[PDB]
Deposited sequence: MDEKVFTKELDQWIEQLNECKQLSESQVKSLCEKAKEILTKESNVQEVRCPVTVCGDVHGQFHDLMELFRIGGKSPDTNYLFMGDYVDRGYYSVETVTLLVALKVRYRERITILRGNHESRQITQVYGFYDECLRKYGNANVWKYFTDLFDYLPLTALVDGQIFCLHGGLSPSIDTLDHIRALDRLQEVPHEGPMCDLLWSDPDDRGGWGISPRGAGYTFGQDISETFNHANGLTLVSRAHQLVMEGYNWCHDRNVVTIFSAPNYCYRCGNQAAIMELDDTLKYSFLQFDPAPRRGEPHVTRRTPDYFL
């Protein structure tokens, strides 16, 4: 909110747009400011009608630019992400830094949720701790980012008609008040409502089922319909599931899975999509292909 601080934040955003990382002290200051900003949102986030919804990015920074080119620049176009910024990518640090900087700089225009991969255990199992070690020489920036990930809001609510979340519903959750009652200022547990909100998936089995991934549950069309009718919702936007077309409609068009990382892991070769909500809350899907690539040390060296 202060003049020179905002100018420095704009400089940081411009530098990040060139796929350039920030210094450790800069990351520390940005993480502290982001923690102060995010400490004052509830578990559910109120988002206005005109906003663009994007799914998992997973550290593909050039792909995120391509997404920005497709959907408009960050300040001009309202955006809403539902997690999974750092894993399975070669620029996870840059991706999370850019997204968090946008959240700090444009808090009324950028709304970033919490995905299952923004947790200490998963980010240690997969390649973000190693990525941070390679890019910084120590494990301080990783600690800052993991601590910041705790304060991220679990879900978001746009115009009180659309429910935005990463994983899906839980057997122990049935009402937005119950979602509000949860405590999110902690590492995600191995089980419970908070873990279930970020790890669940939809299927065509009906009722609550065991998740093959190892955490969360699987909810059916009946569960989605009763949740929608109880909470007065017409659409539940979700992520965390890979889809070839980029977007997928399930459970009689009650939930939608949006994936914004085409050519997943640079191996899948899929397409992506984003959800644009206009003034009258009419959804539109834009599909885009991965950005073209131009410009084509021992592990014990330290």
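Asks: Please report every deposited-sequence interval that has no C-alpha in the structure, sorted by position.
Replies: Sequence ranges with no C-alpha atoms are 1, 298 to 303.
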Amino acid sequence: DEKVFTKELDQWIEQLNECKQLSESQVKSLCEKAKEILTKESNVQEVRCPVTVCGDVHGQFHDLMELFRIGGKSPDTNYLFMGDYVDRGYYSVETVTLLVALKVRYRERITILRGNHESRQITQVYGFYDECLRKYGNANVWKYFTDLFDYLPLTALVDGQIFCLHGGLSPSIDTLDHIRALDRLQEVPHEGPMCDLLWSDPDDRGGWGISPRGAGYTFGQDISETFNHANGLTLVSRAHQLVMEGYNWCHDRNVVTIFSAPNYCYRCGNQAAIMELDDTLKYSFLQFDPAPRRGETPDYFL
From here on, numbers count along this sequence of modelled residues.
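Take the two forms, find the largest set of C-alpha atoms that superpose within 1.5 Å, and that set is the rigid core.
Asks: Between 91 to 99 and 204 to 212, report the one with more C-alpha displacement in 4 other deposited structures of this protein relative to this form after a rigid core superposition.
Replies: Of 91 to 99 and 204 to 212, the stretch deviating more in 4 other deposited structures of this protein is 204 to 212.
Asks: Please pick 82 to 90 or 193 to 201, whichever has its Cα atoms farther from the shown form in 4 other deposited structures of this protein after a rigid core fit.
Replies: Per-stretch check in 4 other deposited structures of this protein: the more divergent one is 82 to 90.
Asks: Counting the other entries of this protein, is residue 296 left out in at least a third of them?
Replies: Missing in at least a third of the others, so yes.
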